[PDB]
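Here is the structure we will look at.
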Amino acid sequence: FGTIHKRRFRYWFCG
Amino acid sequence: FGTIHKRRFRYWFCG
Amino acid sequence: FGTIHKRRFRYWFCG
Amino acid sequence: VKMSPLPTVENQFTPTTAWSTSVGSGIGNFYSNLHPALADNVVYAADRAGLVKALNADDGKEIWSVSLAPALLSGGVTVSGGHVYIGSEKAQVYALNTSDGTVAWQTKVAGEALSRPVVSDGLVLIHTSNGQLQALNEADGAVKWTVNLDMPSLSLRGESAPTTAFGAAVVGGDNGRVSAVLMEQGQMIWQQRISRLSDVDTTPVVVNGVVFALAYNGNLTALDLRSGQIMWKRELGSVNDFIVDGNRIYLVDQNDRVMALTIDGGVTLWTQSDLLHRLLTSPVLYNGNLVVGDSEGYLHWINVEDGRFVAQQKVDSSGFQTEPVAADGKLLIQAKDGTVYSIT
Amino acid sequence: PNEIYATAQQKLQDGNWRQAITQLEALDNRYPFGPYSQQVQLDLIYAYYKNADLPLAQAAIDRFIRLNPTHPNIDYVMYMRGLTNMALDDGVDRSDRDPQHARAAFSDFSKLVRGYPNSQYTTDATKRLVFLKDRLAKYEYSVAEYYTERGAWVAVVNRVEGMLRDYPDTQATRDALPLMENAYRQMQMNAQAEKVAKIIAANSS
Amino acid sequence: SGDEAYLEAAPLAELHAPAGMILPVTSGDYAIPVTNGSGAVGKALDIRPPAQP
Amino acid sequence: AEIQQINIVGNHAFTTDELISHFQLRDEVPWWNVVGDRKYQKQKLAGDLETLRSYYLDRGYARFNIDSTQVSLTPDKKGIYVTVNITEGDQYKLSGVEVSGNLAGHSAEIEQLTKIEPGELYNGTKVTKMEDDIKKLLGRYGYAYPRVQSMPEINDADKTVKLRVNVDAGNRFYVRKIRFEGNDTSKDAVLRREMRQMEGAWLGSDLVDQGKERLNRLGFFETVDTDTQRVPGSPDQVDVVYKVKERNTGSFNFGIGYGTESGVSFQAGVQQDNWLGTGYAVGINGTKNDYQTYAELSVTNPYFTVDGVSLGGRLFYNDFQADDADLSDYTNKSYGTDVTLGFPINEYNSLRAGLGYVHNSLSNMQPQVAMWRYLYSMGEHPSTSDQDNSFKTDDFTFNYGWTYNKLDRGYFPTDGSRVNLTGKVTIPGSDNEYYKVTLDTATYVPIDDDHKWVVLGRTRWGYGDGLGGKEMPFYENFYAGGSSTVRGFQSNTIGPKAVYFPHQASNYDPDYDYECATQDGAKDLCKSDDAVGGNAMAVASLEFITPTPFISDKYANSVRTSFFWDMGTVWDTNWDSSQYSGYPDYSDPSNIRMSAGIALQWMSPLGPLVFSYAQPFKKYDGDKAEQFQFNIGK
Amino acid sequence: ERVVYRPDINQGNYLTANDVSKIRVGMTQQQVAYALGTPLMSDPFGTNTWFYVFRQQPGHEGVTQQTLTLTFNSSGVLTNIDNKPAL
C-alpha cells in the first residue's frame with residue numbers, strides 16, 4: 001500500500 | 001496524495 | 001444503469 | 001502548602017461537650033464573622049440563612065426563635081441592654097428584643113455590614129464592606145455620623161470591629177491605617193499606617209494608654225491612643241483577633257502559628273508550629289489555658305506558661321471558622337454547620 | 001558538530017535539499033552560539049530559497065537580519081531577501097496578480113544597490129529592479145484596462161496618471177497612454193485628449 | 001527558483017516631452033540608479049553563500 | 001481561587017439572582033450539567049459591569065450609576081467575594097428627541113429615522129442603535145467620518161428625559177484607489193469585477209459592503225474583510241483595501257488500474273470554478289473501462305461581457321457496452337453538445353437561455369415495461385420476446401434556467417437562500433417531444449448570532465413529461481440516493497424498479513443470473529430490483545449544522561459537521577397500475593424514503609470531501625441500503 | 001437597449017447646485033478645495049487646472065455629465081471658471 005503524500009513509502013510491508 | 005493498490009494506482013493533486 | 005451479466009453488477013453509466 | 005497533620009498529644013484532662021444543638025443551615029462554606037454571645041446566662045446565636053435562636057447557657061434549651069428571611073446575616077451576634085444587634089450582607093443591621101426576638105428597629109446602613117456590632121455610649125458601631133464606618137443609635141436606629149475610611153481595590157473578607165476607649169473608638173482599616181474617631185460627632189483624631197500586599201487590618205484592643213493592632217501580613221504595633229504615634233513593631237501579621245492580659249499577647253499569625261509576645265517590647269516567649277496552615281480560629285482564654293479551633297473540628301488547648309498542648313478534643317465534623325466566645329465560666333463555639341457546642 | 005557539518009556541506013552541494021534542511025537545523029538548534037552558527041544559518045537561507053520553503057526563508061532572513069546587521073556579507077542577505085520576495089511573486093503572464101511581493105522585492109533590491117554599489121550582485125539586482133518596475137507598471141496597466149472596459153474614465157485617468165508619475169519610462173505606461181486619451185475622449189474634454197494624443201505622437205516611434 | 005524570465009525584460013526608455021508642455025513629475029521612490037555592469041548575471045552568478053572562517 | 005459569592009446591594013427593581021444571571025461571572029454552577037466554571041478573572045468583570053449598566057439603562061433608569069465595587073478574597077486565598085454598590089435612581093420615559101448641527105441636507109431622513117413613539121421608556125441600547133444608524137445613513141452618502149453625539153437631559157420634576165443629538169456630517173469622502181491583497185492566484189480583474197464602489201467616485205458604505213458580500217458569494221476566497229483608511233494629508237480622500245486569502249478551489253484526480261471489477265480502468269476528473277485564477281468554471285470528467293468510454297468537457301466564462309453575462313459550453317460523449325467481445329448485449333451511445341447563455345436581471349437573480357443537442361444510440365435493450373412504453377410512445381413496435389432491438393434519436397433542446405442566490409457565503413453558507421430552477425423543452429423537429437423542469441432550493445436559517453448553529457432546508461424537485469403523445473425518454477429519468485440526494489440508500493437506486501418481460505437473453509451463460517431469461521423457464525414477466533428511475537422526483541432534507549465538537553479554531557472554518565433528515569421519492573407518473581395489477585404501483589408518490597444521520601464536510605487540500613453516515617429508518621421492499629457514503633467533490 | 005442588469009456607475013466629484021453657485025473668480029485654490037472638496041482629477045501636463053467632473057451612468061437610462069473646469073495661475077488664484085452641465 002504505497003502512499004505518495006509528498007513522501008513515498010509503503011503503509012505495510014506486504015508479503 | 002497518491003495510493004497504489006494491488007495493480008491499481010490512484011492520485012490526487014493539491015494546489 | 002447497465003446490467004453486466006458477465007460480472008454480476010449494475011454499471012452506472014448515466015451522467 | 002499542605003495542612004499539617006493532627007498532632008498526637010497526651011491530654012492532661014478530658015474535656016466534654018456539655019450540650020449541643022443546631023441553629024439552622026449555619027455559615028457553611030462562606031466566610032463570616034457570625035458567632036454566638038453570652039449575657040444573663042443565655043446565649044444568642046444565628047445562621048446565614050436568617051434563623052436567629054436564643055438558648056439558655058445551662059440547659060441549652062430553646063427559649064425563642066425567629067426567622068429574618070435569604071436574609072444573609074453576616075455580622076456577629078452582639079448583646080447589650082435589652083436588644084441584640086446583628087449585621088447582614090444586605091446592608092441591614094437588625095435590632096431584636098432580647099426577651100422574645102421581635103425586631104425593635106431595622107435601618108439600612110450605607111454598605112454591606114460584616115463587622116460585629118460594638119455598643120458604646122448609647123450608639124452601636126458597624127464597619128461596612130465598602131470601608132466607611134457608621135454609628136447607629138441604640139434606640140432610634142438612625143445613623144448619627146458616618147466616617148469614610150479609604151479602601152484599596154482588593155482587600156480581605158471581614159471588617160475590623162472598633163474598640164472604644166476614653167470616649168474614642170479605635171478601628172482598623174483595609175488600607176492598613178488604624179483610625180481613632182471621637183464618639184461625639186465622629187470627627188477623626190489620628191490615623192497611622194501600620195503595614196500583592198493587601199495590608200488588611202483586624203480589630204484592635206486597648207488595655208491602658210496604648211493601643212494594640214495587627215494587620216494581615218503587616219506589623220504588630222503598639223500606638224498611643226492620644227497621640228497616635230507608634231512605639232514598637234514586630235513583623236508578624238494576622239487577620240484573626242488577639243487577646244491581651246497581664247503582660248503577654250496571645251495571637252495566631254499569618255500561617256496560624258500559636259505564639260506569645262510581651263507588651264513592653266514584643267519579644268516572643270514561645271511558638272508552636274504544630275498547627276501550621278491549619279485554618280485556626282481566633283484564640284480565647286479559658287480556665288487559664290488558651291483554646292483554638294481548626295477547620296476540621298479539632299479543638300486545641302494550650303498551656304500559656306510555655307505553649308505546650310494540654311488538651312485536644314474532636315468536637316464537630318464540619319469544622320470551626322468563626323470566633324469562639326468565652327465568658328462567665330462558659331465557652332461556646334459555633335461550627336460551620338451552625339451547631340453551637342458548649343464545652344465544660 | 002563538524003562530523004555532520006561536513007556531510008551537510010557535501011550534500012547541500014549535491015542538492016538533496018529536503019533532508020539538508022534537517023542537518024542544517026540539527027546544527028542550528030544544538031549550537032546556537034557555536035563558531036559555525038552564522039554560516040549554518042546562511043546555508044539554511046540558501047537551502048530554504050532553493051527549496052520551496054519560501055516563507056520559512058523569509059522568516060529566517062528576518063531573524064538573521066535582526067540579530068547582527070554588521071555582518072560583512074550583508075549584501076548577500078539583502079540579495080537573498082530580494083530573490084525570495086520575487087519568488088513569492090512568481091507560461092501565462094501573471095503580472096496582473098497581487099503585486100505586493102514584487103513591490104517588496106523592488107524595495108529590497110533598491111536598498112541593496114543604494115547601500116552596496118560595489119557588491120558582485122548589484123548588476124543582477126538592477127536587472128531584477130528593471131523587471132519588477134515593468135511588472136508593477138503592467139499590473140497598473142491591467143487595472144486601467146479593466147476600468148476602460150467598465151467605463152470608469154476618471155479611474156482610468158487617475159490610474160494612468162499615477163503610472164506616468166511612478167513608472168514614467170516603462171513600456172506599460174507607453175502602452176497605457178492611449179487609455180488616458182480614450183478616457184479624456186469619453187469624458188468630452190478634448191483639451192486633455194489632444195494633449196495626451198501629442199504625448200503619444202511624441203513617443204510612438 | 002532558478003528561472004531567468006527577467007533577463008529578456010524590455011529596457012527602460014524615458015518619455016520625450018513635446019514642446020509647449022511638461023511631463024508629470026517623477027516620483028523617486030521607484031528610481032533605479034546607474035551601476036557598473038561588471039558582474040555576473042543569471043546562471044553565471046554564484047548563488048551559494050560565500051565561505052568564511 | 002474561585003468565585004465564592006456575587007452580591008448586589010442597593011438593588012430593588014430586580015432580583016439579585018436575575019441580575020447575576022446575565023453575567024459571564026457565575027455565582028453558582030449546577031451539579032446536574034456543566035455550563036461553565038467559577039474561575040475569576042479581571043477582564044470579564046468589566047464586561048459584566050457594562051452588561052449590568054446596559055440592563056439598568058434599557059429599562060428607563062437614565063440616572064443609574066454604580067457607586068463602587070469591592071473585590072475581596074478569603075485569608076486562605078481560595079474564595080473570591082465580589083460585591084457591587086448600586087444606586088438605581090428613578091425610572092424615566094423618553095419625552096422626545098431634538099436634532100441639531102450640520103445635517104448636510106439630510107434632515108428629512110434624520111428626523112424620521114430618529115422619530116419615536118411619545119411616552120416610551122428610555123432605552124440606552126436604542127440610543128446607541130440610533131447613534132450607529134445615523135452613522136450608517138450618513139456613510140451611505142459618502143460622509144464616512146461623521147461627528148455625532150447625543151446627551152440625555154433629565155427633568156426631575158416631570159420624570160422624563162430629552163435626547164438632544166448633535167450631528168455634523170463633515171466632508172463627503174471620495175475614493176481614489178481600490179486595492180486587493182492576497183490574490184496570489186486570482187486575477188485582479190476577477191475581484192475588481194465584483195465591485196459596486198467605483199474608483200474616482202464618492203464613497204458608498206453600502207456599495208463597499210455589497211462588493212464585500214459579492215466577493216463572499218463568489219466563493220473563491222475566505223475571511224474577506226475591508227478597511228477604508230484615509231489618504232494622509234487630504235481633507236476627503238480614502239483608500240479602500242480588500243484583504244483576502246485564497247483556497248485551493250476544486251480538485252483534480254486520476255486513476256489507472258488493472259484486473260478490477262471493471263477490468264482495465266482509466267478514470268479522471270477535473271472540477272475548478274476558478275481555473276488558474278481566471279474565474280472560468282472548467283470541468284473535465286472521463287473514464288475508459290472495458291465497458292464504458294466517457295468524456296465530458298464543460299467550460300463556462302461567467303463574465304463573457306463586463307456586465308456579468310456568462311457563456312457556458314458543455315461537450316460530452318458516453319459509450320457503454322454491457323459486454324466486451326460478442327457486442328450483442330446492451331449498448332448505449334450518448335454524445336451531444338450544449339451551449340448556454342446566462343445573464344443577470346437583478347442583483348441576486350440571473351436567467352439562462354441556451355440550446356442543447358444530444359444523440360442517443362440504443363441497441364439490444366433488455367425488455368423492461370416502462371422502456372417499452374417509451375418505445376410504443378415513439379411509434380416503434382419491436383419484438384418483446386428477445387433482446388434483438390435498436391433505437392436511435394437526435395434531440396434538440398432549448399435549455400432555460402433561473403437562479404436566485406442570496407446566500408451569505410459561497411462554500412458554507414450561514415444565512416440567506418439559494419434557488420436554482422433548470423428547464424428544458426425540445427425544439428420542433430427533434431425525435432423526442434418532451435419537457436423537463438428541475439427546482440433546487442437551499443435555505444439557511446442561523447440559530448445563533450455567531451452563525452455557528454445553522455438549520456438548513458434543502459428541497460430538490462423534478463418533473464418531466466412528453467409533449468406530443470410521445471413520452472419523456474428514460475435517459476432523462478431522475479434518480480435518488482447518495483450524497484447529492486437522500487442519503488443512507490444505495491446511489492441512484494431510489495425510484496421505480498424495472499419489470500422484465502420473458503425474453504430470449506443475449507449471450508446467455510448458464511452459470512449467471514438473468515431477469516426473465518427464457519432459458520431459465522420464465523413463463524411470465526419478472527419483478528426485479530433493477531432501478532430505472534422515474535419521470536417525476538421530489539427530494540427534501542433538513543440539516544442542523546453544528547460546530548465540530550473537537551476541532552480547533554484554525555481548522556474550524558474548513559470542517560462542517562451536521563445532523564440531517566432526508567426525505568425523497570421518485571415515481572413514474574405514466575405507469576399503468578391497472579394493466580399490471582400484482583406488480584408494485586410505481587405511479588404512487590406516497591412511498592417516501594427517509595433517513596437520518598450525521599454528515600461531515602471538509603475543505604481538504606484534495607478538494608471538498610463529504611463523509612456521511614445515515615440510517616434509513618423508513619425503507620421499502622426491493623430497495624437496499626448503504627449507510628456509509630463519501631463524495632470526492634461537491 | 002438591453003435586458004441585462006448594469007449597476008449604477010458613478011465617477012468624479014459630487015457637484016451640487018449650490019457649491020457651483022458659490023464658487024467665484026479671484027479666489028485661492030485651497031479655499032476652492034475647502035468649498036468644493038478635493039478634485040479627483042487635475043491637469044498633470046504643466047498647467048494648474050482642476051477638473052470637477054460629475055459623471056453618472058445609471059443603468060440604461062442615459063448618461064449625465066457636468067464638468068467644471070477651474071484654471072489657476074502660478075500663485076493659485078482662480079482666473080477663470082468654465083461650467084458645462086451637459087454633454
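For the C-alpha cells, the naming scheme is as follows: chains receive sequential letters (A, B, ...) according to their order of presentation, residues are indexed from 1 within each chain, and ligands are indexed from 1 in presentation order.
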
Chain C post-superposition (all in-order Cα pairs with chain B) as a compact mmCIF listing (two decimals) with C-alpha atoms, in the first residue's frame:
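selection_6.txt, written as the output of this step:
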# COMPACT_ATOMS: atom_id res chain seq x y z
CA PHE C 1 -0.07 11.92 -4.90
CA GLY C 2 -1.59 8.93 -3.16
CA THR C 3 -0.58 5.35 -3.90
CA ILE C 4 -3.63 3.20 -4.64
CA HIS C 5 -2.30 -0.33 -4.27
CA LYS C 6 -5.73 -1.74 -5.17
CA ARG C 7 -5.48 -0.18 -8.63
CA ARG C 8 -1.67 0.17 -9.18
CA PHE C 9 -1.52 3.91 -9.87
CA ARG C 10 -0.75 7.20 -8.12
CA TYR C 11 -3.89 9.25 -7.50
CA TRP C 12 -3.16 12.98 -7.63
CA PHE C 13 -5.36 14.65 -5.01
CA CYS C 14 -3.38 17.80 -4.18
CA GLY C 15 -4.78 21.16 -5.24

Using DSSP on the backbone coordinates, identify all residues within chain A classified as strand (DSSP E or B); present the result as an mmCIF file with N, CA and C atoms, in the first residue's frame.
data_model
loop_
_atom_site.group_PDB
_atom_site.id
_atom_site.type_symbol
_atom_site.label_atom_id
_atom_site.label_comp_id
_atom_site.auth_asym_id
_atom_site.auth_seq_id
_atom_site.Cartn_x
_atom_site.Cartn_y
_atom_site.Cartn_z
ATOM 1 N N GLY A 2 1.271 1.687 -1.192
ATOM 2 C CA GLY A 2 2.119 2.861 -1.300
ATOM 3 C C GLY A 2 1.340 4.145 -1.071
ATOM 4 N N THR A 3 2.004 5.113 -0.441
ATOM 5 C CA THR A 3 1.446 6.437 -0.201
ATOM 6 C C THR A 3 2.440 7.469 -0.712
ATOM 7 N N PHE A 9 6.431 5.763 0.470
ATOM 8 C CA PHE A 9 6.629 4.672 1.412
ATOM 9 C C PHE A 9 5.445 3.724 1.287
ATOM 10 N N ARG A 10 5.609 2.528 1.842
ATOM 11 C CA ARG A 10 4.561 1.518 1.849
ATOM 12 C C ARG A 10 3.974 1.422 3.250
#

Contacts of residue 51 in chain G at 12 Å (only C-alpha atoms; same-chain gap of 2+ positions) as a PyMOL selection string: chain G and resi 19-25+44-49+53-58+124-125

Selected residues written out with N, CA and C atoms, as a compact mmCIF listing (two decimals), in the first residue's frame:
# COMPACT_ATOMS: atom_id res chain seq x y z
N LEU G 19 -30.22 39.61 38.21
CA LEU G 19 -29.14 40.48 37.77
C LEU G 19 -27.87 39.69 37.46
N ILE G 20 -27.54 38.72 38.32
CA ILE G 20 -26.34 37.91 38.13
C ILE G 20 -26.46 36.99 36.91
N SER G 21 -27.68 36.57 36.57
CA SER G 21 -27.88 35.57 35.51
C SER G 21 -27.32 36.01 34.16
N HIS G 22 -27.23 37.32 33.92
CA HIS G 22 -26.65 37.81 32.67
C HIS G 22 -25.13 37.91 32.71
N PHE G 23 -24.51 37.76 33.88
CA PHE G 23 -23.07 37.93 34.00
C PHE G 23 -22.33 36.71 33.46
N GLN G 24 -21.18 36.96 32.83
CA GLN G 24 -20.27 35.88 32.48
C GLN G 24 -19.68 35.24 33.73
N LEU G 25 -19.39 36.04 34.75
CA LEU G 25 -19.00 35.51 36.05
C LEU G 25 -20.18 34.77 36.66
N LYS G 44 -13.18 39.92 32.38
CA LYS G 44 -14.62 39.72 32.18
C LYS G 44 -15.47 40.43 33.23
N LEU G 45 -14.86 40.85 34.35
CA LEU G 45 -15.60 41.65 35.33
C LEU G 45 -16.05 42.98 34.73
N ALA G 46 -15.18 43.61 33.94
CA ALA G 46 -15.56 44.86 33.28
C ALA G 46 -16.69 44.64 32.28
N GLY G 47 -16.65 43.53 31.54
CA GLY G 47 -17.73 43.22 30.62
C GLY G 47 -19.05 42.98 31.33
N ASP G 48 -19.01 42.26 32.45
CA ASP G 48 -20.24 42.03 33.22
C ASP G 48 -20.75 43.32 33.84
N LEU G 49 -19.84 44.21 34.26
CA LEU G 49 -20.24 45.51 34.78
C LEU G 49 -20.92 46.35 33.71
N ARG G 53 -24.75 47.69 33.59
CA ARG G 53 -25.08 49.07 33.23
C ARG G 53 -26.11 49.13 32.12
N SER G 54 -25.92 48.32 31.07
CA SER G 54 -26.87 48.30 29.96
C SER G 54 -28.23 47.79 30.40
N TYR G 55 -28.25 46.76 31.27
CA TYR G 55 -29.51 46.19 31.74
C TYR G 55 -30.29 47.21 32.56
N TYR G 56 -29.61 48.03 33.36
CA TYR G 56 -30.33 49.10 34.05
C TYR G 56 -30.71 50.24 33.11
N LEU G 57 -29.90 50.51 32.08
CA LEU G 57 -30.17 51.64 31.21
C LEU G 57 -31.35 51.38 30.27
N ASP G 58 -31.54 50.14 29.82
CA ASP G 58 -32.60 49.85 28.86
C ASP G 58 -33.95 49.61 29.53
N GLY G 124 -31.15 52.97 26.61
CA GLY G 124 -29.79 53.29 26.21
C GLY G 124 -29.31 52.47 25.02
N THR G 125 -29.75 51.22 24.92
CA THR G 125 -29.43 50.42 23.75
C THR G 125 -30.08 51.00 22.49

At a cut-off of 9 Å, using only C-alpha atoms, what residues contact residue 24 in chain F? Leave out same-chain residues fewer than 6 positions from it and give the result as a list in words.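 Here the qualifying residues turn out to be residues 161, 164, 165 and 168 of chain E; 44, 45 and 46 of chain H.
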
Mind giving me the straight-line distance from CA of residue 7 in chain H to CA of residue 55 in chain H in Å, one decimal?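 One can read the CA of residue 7 in chain H to CA of residue 55 in chain H distance as 14.3 Å.
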
Rows by chain and residue number, chain F within 7 Å of chain E, shortest pair, only C-alpha atoms, as a Markdown table:
| residue | atom | partner | partner_atom | distance |
| --- | --- | --- | --- | --- |
| F:1 | CA | E:50 | CA | 6.2 |
| F:6 | CA | E:131 | CA | 5.5 |
| F:9 | CA | E:131 | CA | 5.7 |
| F:12 | CA | E:169 | CA | 5.6 |
| F:13 | CA | E:169 | CA | 4.9 |
| F:14 | CA | E:169 | CA | 4.2 |
| F:15 | CA | E:169 | CA | 5.8 |
| F:16 | CA | E:203 | CA | 6.3 |
| F:18 | CA | E:202 | CA | 5.9 |
| F:24 | CA | E:165 | CA | 5.9 |
| F:25 | CA | E:165 | CA | 6.0 |
| F:26 | CA | E:165 | CA | 4.8 |
| F:27 | CA | E:166 | CA | 5.2 |
| F:30 | CA | E:166 | CA | 6.6 |
| F:32 | CA | E:110 | CA | 6.9 |
| F:35 | CA | E:117 | CA | 6.8 |
| F:36 | CA | E:123 | CA | 7.0 |
| F:37 | CA | E:123 | CA | 5.5 |
| F:39 | CA | E:120 | CA | 5.7 |
| F:41 | CA | E:124 | CA | 5.2 |
| F:48 | CA | E:46 | CA | 6.5 |
| F:49 | CA | E:42 | CA | 6.6 |

Could you please take those selected residues and save N, CA and C atoms as a PDB file, in the first residue's frame?
ATOM      1  N   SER F   1      12.220  29.255  -8.464  1.00  0.00           N
ATOM      2  CA  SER F   1      13.657  29.423  -8.285  1.00  0.00           C
ATOM      3  C   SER F   1      14.430  28.926  -9.501  1.00  0.00           C
ATOM      4  N   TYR F   6      13.476  37.317 -16.186  1.00  0.00           N
ATOM      5  CA  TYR F   6      13.786  38.733 -16.043  1.00  0.00           C
ATOM      6  C   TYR F   6      14.898  39.207 -16.972  1.00  0.00           C
ATOM      7  N   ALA F   9      13.591  41.162 -20.148  1.00  0.00           N
ATOM      8  CA  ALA F   9      12.708  42.290 -19.890  1.00  0.00           C
ATOM      9  C   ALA F   9      13.083  43.470 -20.778  1.00  0.00           C
ATOM     10  N   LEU F  12      14.393  50.052 -20.113  1.00  0.00           N
ATOM     11  CA  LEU F  12      13.672  51.281 -19.826  1.00  0.00           C
ATOM     12  C   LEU F  12      14.050  52.376 -20.817  1.00  0.00           C
ATOM     13  N   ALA F  13      13.073  53.219 -21.140  1.00  0.00           N
ATOM     14  CA  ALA F  13      13.284  54.331 -22.060  1.00  0.00           C
ATOM     15  C   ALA F  13      12.422  55.497 -21.606  1.00  0.00           C
ATOM     16  N   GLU F  14      13.065  56.606 -21.246  1.00  0.00           N
ATOM     17  CA  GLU F  14      12.341  57.763 -20.736  1.00  0.00           C
ATOM     18  C   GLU F  14      11.486  58.392 -21.830  1.00  0.00           C
ATOM     19  N   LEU F  15      10.328  58.911 -21.431  1.00  0.00           N
ATOM     20  CA  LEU F  15       9.409  59.518 -22.381  1.00  0.00           C
ATOM     21  C   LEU F  15       9.892  60.905 -22.787  1.00  0.00           C
ATOM     22  N   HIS F  16       9.802  61.194 -24.083  1.00  0.00           N
ATOM     23  CA  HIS F  16      10.160  62.511 -24.590  1.00  0.00           C
ATOM     24  C   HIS F  16       9.007  63.482 -24.375  1.00  0.00           C
ATOM     25  N   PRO F  18       6.980  66.619 -25.427  1.00  0.00           N
ATOM     26  CA  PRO F  18       6.795  67.507 -26.579  1.00  0.00           C
ATOM     27  C   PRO F  18       6.817  68.971 -26.165  1.00  0.00           C
ATOM     28  N   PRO F  24       4.460  64.877 -16.285  1.00  0.00           N
ATOM     29  CA  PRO F  24       4.233  64.873 -14.833  1.00  0.00           C
ATOM     30  C   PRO F  24       5.505  64.546 -14.067  1.00  0.00           C
ATOM     31  N   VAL F  25       5.623  65.130 -12.872  1.00  0.00           N
ATOM     32  CA  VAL F  25       6.844  64.998 -12.082  1.00  0.00           C
ATOM     33  C   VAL F  25       7.015  63.548 -11.646  1.00  0.00           C
ATOM     34  N   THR F  26       8.244  63.050 -11.753  1.00  0.00           N
ATOM     35  CA  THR F  26       8.520  61.650 -11.463  1.00  0.00           C
ATOM     36  C   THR F  26       8.749  61.446  -9.972  1.00  0.00           C
ATOM     37  N   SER F  27       8.115  60.419  -9.414  1.00  0.00           N
ATOM     38  CA  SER F  27       8.358  60.042  -8.030  1.00  0.00           C
ATOM     39  C   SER F  27       9.647  59.235  -7.943  1.00  0.00           C
ATOM     40  N   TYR F  30      10.716  54.850  -7.018  1.00  0.00           N
ATOM     41  CA  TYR F  30      10.946  53.717  -7.907  1.00  0.00           C
ATOM     42  C   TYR F  30      12.135  53.937  -8.835  1.00  0.00           C
ATOM     43  N   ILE F  32      15.875  53.694 -10.288  1.00  0.00           N
ATOM     44  CA  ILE F  32      16.982  52.744 -10.316  1.00  0.00           C
ATOM     45  C   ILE F  32      18.255  53.521 -10.633  1.00  0.00           C
ATOM     46  N   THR F  35      24.562  51.781 -12.303  1.00  0.00           N
ATOM     47  CA  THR F  35      25.531  50.964 -11.590  1.00  0.00           C
ATOM     48  C   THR F  35      26.422  50.267 -12.610  1.00  0.00           C
ATOM     49  N   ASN F  36      27.654  49.970 -12.195  1.00  0.00           N
ATOM     50  CA  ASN F  36      28.602  49.284 -13.062  1.00  0.00           C
ATOM     51  C   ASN F  36      28.101  47.888 -13.417  1.00  0.00           C
ATOM     52  N   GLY F  37      28.220  47.537 -14.693  1.00  0.00           N
ATOM     53  CA  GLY F  37      27.779  46.259 -15.204  1.00  0.00           C
ATOM     54  C   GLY F  37      28.781  45.133 -15.112  1.00  0.00           C
ATOM     55  N   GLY F  39      29.684  42.474 -13.648  1.00  0.00           N
ATOM     56  CA  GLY F  39      29.236  41.465 -12.709  1.00  0.00           C
ATOM     57  C   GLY F  39      28.515  40.344 -13.420  1.00  0.00           C
ATOM     58  N   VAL F  41      25.537  37.396 -13.968  1.00  0.00           N
ATOM     59  CA  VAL F  41      24.086  37.504 -14.057  1.00  0.00           C
ATOM     60  C   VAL F  41      23.512  36.136 -14.410  1.00  0.00           C
ATOM     61  N   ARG F  48      25.379  30.183  -4.196  1.00  0.00           N
ATOM     62  CA  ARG F  48      25.790  29.615  -2.919  1.00  0.00           C
ATOM     63  C   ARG F  48      26.463  30.677  -2.051  1.00  0.00           C
ATOM     64  N   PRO F  49      26.289  30.619  -0.726  1.00  0.00           N
ATOM     65  CA  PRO F  49      26.830  31.677   0.126  1.00  0.00           C
ATOM     66  C   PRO F  49      28.347  31.660   0.129  1.00  0.00           C
TER      67      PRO F  49
END

Excluding residue 302 in chain D and its own-chain neighbours fewer than 4 positions away, which residues fall within 7 Å of it when counting only C-alpha atoms? Please give them as a list in words. residues 289, 290, 291, 307, 308, 309 and 310 of chain D

If you keep N, CA and C atoms, can you produce a file of those selected residues as a PDB file, in the first residue's frame?
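Contents of result_31.pdb, as written:
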ATOM      1  N   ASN D 289      -6.055  28.544  80.280  1.00  0.00           N
ATOM      2  CA  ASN D 289      -5.428  27.869  79.155  1.00  0.00           C
ATOM      3  C   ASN D 289      -5.983  28.428  77.856  1.00  0.00           C
ATOM      4  N   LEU D 290      -5.118  28.540  76.852  1.00  0.00           N
ATOM      5  CA  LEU D 290      -5.504  29.118  75.574  1.00  0.00           C
ATOM      6  C   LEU D 290      -6.158  28.052  74.702  1.00  0.00           C
ATOM      7  N   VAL D 291      -7.261  28.414  74.048  1.00  0.00           N
ATOM      8  CA  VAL D 291      -8.077  27.470  73.289  1.00  0.00           C
ATOM      9  C   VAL D 291      -8.229  27.975  71.860  1.00  0.00           C
ATOM     10  N   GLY D 307       3.506  27.133  76.166  1.00  0.00           N
ATOM     11  CA  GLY D 307       2.945  26.802  74.875  1.00  0.00           C
ATOM     12  C   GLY D 307       2.651  25.340  74.627  1.00  0.00           C
ATOM     13  N   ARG D 308       2.846  24.468  75.613  1.00  0.00           N
ATOM     14  CA  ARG D 308       2.577  23.052  75.399  1.00  0.00           C
ATOM     15  C   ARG D 308       1.078  22.797  75.283  1.00  0.00           C
ATOM     16  N   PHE D 309       0.717  21.829  74.444  1.00  0.00           N
ATOM     17  CA  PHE D 309      -0.671  21.399  74.357  1.00  0.00           C
ATOM     18  C   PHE D 309      -1.071  20.672  75.635  1.00  0.00           C
ATOM     19  N   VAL D 310      -2.284  20.945  76.110  1.00  0.00           N
ATOM     20  CA  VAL D 310      -2.739  20.374  77.372  1.00  0.00           C
ATOM     21  C   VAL D 310      -3.980  19.519  77.137  1.00  0.00           C
TER      22      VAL D 310
END

Between CA of residue 295 in chain D and CA of residue 332 in chain D, what distance in Å does the model show, to one decimal? 16.1 Å

Selection: 8 Å around residue 51 in chain H, only C-alpha atoms, excl. self and same-chain fewer than 3 positions, as a ChimeraX atom specification: /H:39-43,67-70

Take the residues that were just selected and, keeping C-alpha atoms, output them as a compact mmCIF listing (two decimals), in the first residue's frame.
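Contents of result_30.txt, freshly written:
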# COMPACT_ATOMS: atom_id res chain seq x y z
CA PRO H 39 -10.77 67.41 -7.09
CA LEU H 40 -10.31 63.83 -8.22
CA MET H 41 -8.59 64.93 -11.45
CA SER H 42 -6.19 67.78 -12.12
CA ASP H 43 -4.04 68.63 -15.13
CA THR H 67 -17.83 69.23 -15.86
CA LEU H 68 -16.44 72.30 -14.08
CA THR H 69 -13.02 73.43 -15.32
CA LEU H 70 -11.12 75.72 -12.95
